[PDB]
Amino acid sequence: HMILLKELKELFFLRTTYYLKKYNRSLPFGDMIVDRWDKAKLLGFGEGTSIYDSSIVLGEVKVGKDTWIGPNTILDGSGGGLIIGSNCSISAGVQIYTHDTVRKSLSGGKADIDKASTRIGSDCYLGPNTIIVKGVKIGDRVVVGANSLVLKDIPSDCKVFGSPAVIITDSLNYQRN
């Protein structure tokens, strides 16, 4: 254990040195062991998709191609499946749910976990610290601004933000060339 700890620290030093030179960044220890693209592949996600070590993926989660799954994210498919499209940006700190335990806790542990399936289309952006709750359906080409709480379905080509989130305009201008 003495030697193992010393080896782990040596490895941390060397790997951080290598990552600074090669990738001009410094990551957590775990993100220097885990490759983002191989992890996504192991999870059955589409080609081009990437996911940080620090991400938690529960139950039935399906993800399309070229989707970026950021650090400190939760993709919870435990309550009937979560489906995410292609080309999505799932920003740092985003949490996507198909269950909750409000009643279980509030009832002293008696009530069951409530569950509902959740879907996000393609070409979406979920901004930092966005919370998407069970049951929600988000369409294609939606923007969800940072610090949102999405309680209801969102149709395609919408821009939403707030806690709770509300439709603010269409997303058309972000789709331009």
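Residue indices: 1-based, along the sequence shown.
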query: 36 to 44 set against 106 to 114, stretch whose average Cα temperature factor tops the other in the entry; finding: 106 to 114
query: 151 to 159 versus 11 to 19 - greater average Cα B-factor per the deposited record; finding: 151 to 159
query: Residue 79 - which third its CA temperature factor falls in, relative to the rest of the chain; finding: highest
query: CA B-factor ranking of residue 4, expressed as a third of its chain; finding: middle
query: CA B-factor placement of residue 135, once the chain's modelled residues are sorted into thirds; finding: highest
query: Residue 120 - Cα temperature factor, lowest/middle/highest third of chain; finding: middle
query: CA B-factor placement of residue 144, once the chain's modelled residues are sorted into thirds; finding: middle
